[PDB]
Amino acid sequence: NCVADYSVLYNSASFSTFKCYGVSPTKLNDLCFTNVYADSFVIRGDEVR
Amino acid sequence: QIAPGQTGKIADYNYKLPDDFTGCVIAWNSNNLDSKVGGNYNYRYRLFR
């Protein structure tokens, strides 16, 4: 129950590593989804892959 | 970010390869030359578009 604006990411560079396995990175704004779940955490560098 | 189908401030703005592009991408390190003191302004780019 909100508005997701993803154009700020491209206008102002923030994310160093940004990738989407299931969908396209640029189409997240044009296509919207019902429920969004974000799991935030921190891990070691070599543990990312 | 130089390759067919890539996304980023390079492929999106300054320089872009066709998705069907056929060719060879080459790069080599000039750091021992092109790097001058604090920066080299002879090489610029389009940051926003």
# chains A, B, ... in the order shown; residues from 1 in each chain; ligands from 1

call {"tool": "interface_residues", "arguments": {"of": "chain B", "to": "chain A", "cutoff": "12 Å", "atoms": "only C-alpha atoms", "output": "compact mmCIF listing (two decimals) with C-alpha atoms, in the first residue's frame"}}
result
# COMPACT_ATOMS: atom_id res chain seq x y z
CA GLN B 1 29.28 -3.05 -18.79
CA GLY B 5 22.35 -6.67 -23.51
CA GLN B 6 24.17 -4.96 -20.64
CA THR B 7 22.53 -2.31 -18.46
CA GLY B 8 24.24 0.63 -16.80
CA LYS B 9 25.23 4.26 -17.09
CA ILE B 10 27.57 3.27 -19.95
CA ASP B 12 22.40 3.48 -21.33
CA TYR B 13 24.06 6.87 -21.89
CA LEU B 47 26.72 11.25 -16.86
CA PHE B 48 23.01 12.13 -17.19
CA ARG B 49 20.63 11.76 -20.13

call {"tool": "residues_around", "arguments": {"residues": "residue 35 in chain A", "least_positions_apart": "3", "cutoff": "12 Å", "atoms": "only C-alpha atoms", "output": "list in words"}}
result
residues 1, 2, 4, 32 and 38 of chain A

call {"tool": "closest_residue", "arguments": {"among": "B:4, B:45, B:29, B:40", "to": "residue 17 in chain B", "atoms": "only C-alpha atoms"}}
result
B:4

call {"tool": "select_by_dssp", "arguments": {"residues": "chain A", "states": "alpha helix (DSSP H)", "output": "MDAnalysis selection string"}}
result
chainID A and resid 7:11

call {"tool": "atom_distance", "arguments": {"atom1": "CA of residue 33 in chain B", "atom2": "CA of residue 2 in chain B"}}
result
22.4 Å

call {"tool": "atom_distance", "arguments": {"atom1": "CA of residue 8 in chain A", "atom2": "CA of residue 44 in chain B"}}
result
23.5 Å

call {"tool": "decode", "arguments": {"residues": "range 1-14 of chain A", "atoms": "N, CA and C atoms", "output": "CSV table (one decimal), in the first residue's frame"}}
result
chain,number,residue,atom,x,y,z
A,1,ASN,N,0.8,-1.2,0.0
A,1,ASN,CA,0.0,0.0,0.0
A,1,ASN,C,0.9,1.3,0.0
A,2,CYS,N,1.5,1.5,-1.1
A,2,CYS,CA,2.4,2.6,-1.3
A,2,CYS,C,2.8,2.7,-2.8
A,3,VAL,N,3.7,3.6,-3.1
A,3,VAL,CA,4.1,3.9,-4.5
A,3,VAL,C,5.6,3.6,-4.5
A,4,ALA,N,6.0,2.7,-5.4
A,4,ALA,CA,7.4,2.4,-5.5
A,4,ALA,C,8.0,3.1,-6.7
A,5,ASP,N,8.9,4.1,-6.5
A,5,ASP,CA,9.6,4.8,-7.5
A,5,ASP,C,11.0,4.4,-7.7
A,6,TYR,N,11.3,3.7,-8.8
A,6,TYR,CA,12.6,3.1,-9.0
A,6,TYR,C,13.4,4.0,-9.9
A,7,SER,N,12.9,5.1,-10.4
A,7,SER,CA,13.6,6.0,-11.3
A,7,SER,C,14.7,6.8,-10.5
A,8,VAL,N,14.6,6.9,-9.2
A,8,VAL,CA,15.6,7.6,-8.4
A,8,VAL,C,17.0,6.8,-8.5
A,9,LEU,N,16.9,5.5,-8.6
A,9,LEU,CA,18.1,4.7,-8.7
A,9,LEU,C,19.0,5.1,-9.9
A,10,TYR,N,18.3,5.3,-11.0
A,10,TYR,CA,19.1,5.6,-12.3
A,10,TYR,C,19.4,7.1,-12.3
A,11,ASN,N,18.6,7.9,-11.8
A,11,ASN,CA,18.9,9.4,-11.8
A,11,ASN,C,20.1,9.6,-10.8
A,12,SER,N,20.1,9.0,-9.7
A,12,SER,CA,21.2,9.2,-8.7
A,12,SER,C,21.8,7.8,-8.5
A,13,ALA,N,23.1,7.6,-8.8
A,13,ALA,CA,23.8,6.4,-8.7
A,13,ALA,C,24.0,6.0,-7.2
A,14,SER,N,23.5,4.9,-6.8
A,14,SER,CA,23.6,4.5,-5.4
A,14,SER,C,24.2,3.0,-5.3
